[PDB]
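Cβ atoms come from the backbone with ideal geometry, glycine included; neighbour counts cover every protein chain shown. Since every read-out is calculated from the coordinates, none of them should be taken as a lab result.
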Amino acid sequence: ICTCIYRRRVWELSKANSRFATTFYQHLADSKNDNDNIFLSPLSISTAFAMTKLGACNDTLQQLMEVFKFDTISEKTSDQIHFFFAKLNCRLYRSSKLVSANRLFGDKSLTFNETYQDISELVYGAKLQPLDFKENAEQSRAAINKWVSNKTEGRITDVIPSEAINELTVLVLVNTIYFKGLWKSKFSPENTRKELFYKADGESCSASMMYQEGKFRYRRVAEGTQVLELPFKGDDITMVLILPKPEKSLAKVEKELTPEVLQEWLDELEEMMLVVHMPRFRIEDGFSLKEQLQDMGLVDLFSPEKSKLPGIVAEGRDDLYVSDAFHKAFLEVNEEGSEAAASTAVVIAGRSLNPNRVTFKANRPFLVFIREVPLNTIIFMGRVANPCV
Amino acid sequence: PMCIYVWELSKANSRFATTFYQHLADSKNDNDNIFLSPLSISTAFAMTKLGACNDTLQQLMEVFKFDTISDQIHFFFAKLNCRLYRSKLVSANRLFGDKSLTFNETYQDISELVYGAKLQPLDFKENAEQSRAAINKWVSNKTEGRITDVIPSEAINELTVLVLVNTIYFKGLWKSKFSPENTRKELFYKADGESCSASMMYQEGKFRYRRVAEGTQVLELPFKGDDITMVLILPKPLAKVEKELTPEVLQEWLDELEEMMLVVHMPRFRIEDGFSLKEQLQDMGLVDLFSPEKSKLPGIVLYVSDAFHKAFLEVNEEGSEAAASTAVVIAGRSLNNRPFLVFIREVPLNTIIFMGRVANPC
């Protein structure tokens, strides 16, 4: 945009968004078997719900502000949050594509308040779309899924699974962020070799390991955890990997992740000339945020008995509540970046490199982050626990 | 003339190129970068050839591989040169002989018509040093200021008869220029246990590539006229390809190149190298010409005493400039992970004109 209440601005909100991001990851991770891959965008989640908060009141509002940690932005009122999001968004959605598919669908004569409509449209770029859930749920589901697959250029198709929508749904929320980007320092396909990945428990399996030597921001911190930042073409988006000393389990790294120690690691990285080895991997993960969030304190927005949602009116039957909330994420990373494999081979001539150069061999499970650096905003988060094919 | 005893010529020449390289390579150490122009050396000696005779003429015909294609060779070399000097590829040839000696007419007439070589009088007999200093000055002008010292110091003395000189100079712009904005400095740790600073260039584009046998990468960067080209040979992360380099090999590699897209990283550097042609040439077979009691050289007014060579190359963002001379001195006292191969070839006539080894680019 660039030009009911509870209680630079971009730096404050990025911090809030990061604390939620860590906590939601730690919970989601806690819920899972270690050999499972995780990948999700906290920013679409915090953004989708900050857009939804626009219509809530009384206690619903009060806890949205609290679950997503926006209440950490001291001396600010809930309305102020949407200005901060307006700023953050302007900047974010200016060889790095960031496409945000985000929407609130609903209809059984659900009329959104004029201003809800307008601020969602202005600050979040969302449309609050009337969809006939009542008479034709299957076409409604199909329609939603088609809208997302259009926004995400064909990747992320089955957002809304099947049964989750039917002639009883009121409002459903769907969000994702799509990123397509090329590596700053591409790997050459001629040095992609099958090697052994050593799983969280036990199994050795074959991943296609990529290799390159280059200058990257790296540091080896406490308990031998190596942090490494690889960048995309155009130095504002980077991928940060975290690989623990093989004695220490990643699981433990997850458990001790404060956003504060995450930052502390970033400040300890320096440009350094090293040898990189990391698998090519595809991670796709999608889910209903609803149970996860409920368990974290977001109860009232989903309860027909408790949802204070002034923003939306229905003729007579006012017990409007968020029936479901879905989120999917897809990452396919290879030698070129997060985009189409083209056979760009690489020839480096005239480089004699020091022995006793540090090696980075992510051949055992590691965390992944996709960080927007100027804004310091975590766009994606994950754990490549098994890239075997 | 006395004692006779195009692609064909290009082939002959190339066979000498590689064979000269290996003899020069094994006298050097792999830490050394080494640069020369085969074409210059074969030009200057195919010019000295018009004065030789009996066994010397034969030995010259046999190590500069003209034997593979006597008098007609010089017709062919001017034809070759006619198809070759016309974006800056230029040559110059010149004889500097003693002011008092009366040089043979017909010798001088073949030299000018066939090679563009004029006889210029100098006083070797009495004012030797100003004469060698004069020759070096001609070379500088004809190589735009790059080959400056060719003739050493103590080579020309009171008894020097003729100094035959050749010059080639090239300057060309890249078909795809490397942009300077993203040229990166970085430490090159040379095997002499030290870190010297290098400056690498980066670009991405379609280039004729092929990773041939044993994983050796071969890359051909074209210059603007698409006729002169730079070929790089990089080993799979050494001396090996040098010891296996024939004109055959080079052809086969260049034959299986594919137009593919790559990211190229190559250092911005300048390399200069100079050396006496003497021993290598002799034990390649050319013994008689340097050896006083055997050198059958009638046609000129006589033994060759020592030949000297020097060359220059500089690769940069916009293109590269290279230069070389061979100076054959007739009766003057004789004296004197890292590396990749570089070839600057003219494709239509397969003329290797410059050839080298780049090691240190600091």
q = 0.11, 0.13, 0.19 Å⁻¹, the range A:302-389: log10 I(q)/I(0) [Debye, one scatterer per Cα]: -0.67, -0.81, -1.13
Rg/Rg_ref, the range B:117-274, where Rg_ref = 2.2 N^0.38 Å and atoms are Cα: 1.42
Overall form of the range B:227-270 per C-alpha gyration tensor (a/c, 1.5; a/b vs b/c): oblate
Per-selection Rg to Rh, the range A:8-166 - Cα, Kirkwood hydrodynamic radius: 0.97
Alpha-carbon radius of gyration plus Dmax, which is the widest Cα pair, for the range A:6-101 in Å: 14.4, 43
Simple spin-label estimate for B:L173 and A:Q263 in nanometres, 7 Å along Cα-Cβ: 5.1 nm
Length-normalised contact order of the range A:312-389 in % [C-alpha pairs under 8 Å, at least 6 apart]: 15 percent
Whole-angstrom gap from the range A:335-389 to the range B:173-208, using each part's C-alpha centre: 22 Å
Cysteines (scope the protein assembly as shown) whose Cβ has no counterpart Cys Cβ under 4.7 Å: B:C82
Calculated over chain B: convex hull of Cα atoms, volume per residue (Å³): 128 Å³
Bins of 10 Å, starting at 0 and running to the largest distance - Cα pair percent for the range B:82-145: 19, 41, 32, 8, 0
Modelled FRET efficiency - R0 22 Å, A:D158 with A:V389, Cβ distances, 0.05 increments: 0.55
Cα centroid separation, the range B:1-76 to the range B:249-313 (Å): 9 Å
Residue order, fewest to most surrounding Cβ atoms within 10 angstrom, among A:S100, B:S291: B:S291, A:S100
Förster-model FRET efficiency, 25 Å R0, A:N376 and A:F287, C-beta, rounded to 0.05: 0.45
Mean projected area in nm² (Cα convex hull; one quarter of hull surface) for the range A:119-193: 8.1 nm²
Reciprocal of mean inverse Cα separation for the range B:322-362 (Kirkwood radius, Å): 13.6 Å
Over the range A:129-204, relative contact order from alpha-carbon pairs under 8 Å, at least 6 apart, %: 27 percent
Dipole in debye (nearest 20) - the range B:242-339, about Cα centre, beta carbon charges: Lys, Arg +1; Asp, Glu -1: 840 debye
In Å, descending, principal axis extents of the Cα set of the protein assembly as shown: 123, 49, 44
The range B:172-211: relative contact order in percent, alpha carbon pairs under 8 Å with at least 6 residues between: 38 percent
Full-extension gain in nm, A:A342 to A:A143, via 0.36 nm per residue minus C-alpha separation: 68.4 nm
Calculated from backbone phi, Karplus (6.51, -1.76, 1.60) coupling profile of the range B:191-208 in Hz, x at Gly/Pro: 3, 8, x, 9, 9, 9, 8, 10, 9, 8, 10, 10, 7, 9, x, 8, 8, 6
Computed E for A:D36/B:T246 - FRET, C-beta separation, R0 60 angstrom, nearest 0.05: 0.55
Per-residue [θ]222 nm for chain A (sum of -39500 (n - 2.57) over DSSP H runs n ≥ 4, rounded to 500): -8000 deg cm²/dmol
Packing-based exposure ordering (other Cβ within 10 Å, fewest first) of A:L293, B:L101, B:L164: B:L101, A:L293, B:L164
In Hz, Karplus ³J(HN,Hα) per residue of the range A:162-176 (6.51, -1.76, 1.60; θ = phi - 60°; x = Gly, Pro): 4, 4, 4, 10, 6, 4, 9, 7, 9, 10, 10, 10, 10, 8, 6
Packing-based exposure ordering (other Cβ within 10 Å, fewest first) of B:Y107, B:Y85: B:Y85, B:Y107
In range of the label at B:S195: residues from the range A:340-364 whose backbone nitrogen is under 12 Å from the point 7 Å along Cα→Cβ: A:354-355, A:357
For A:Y211, distant residues with modelled amide H under 5 Å away: A:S188
For residues of A:340-348, the mean tally of beta carbons on other chains within 10 Å: 6
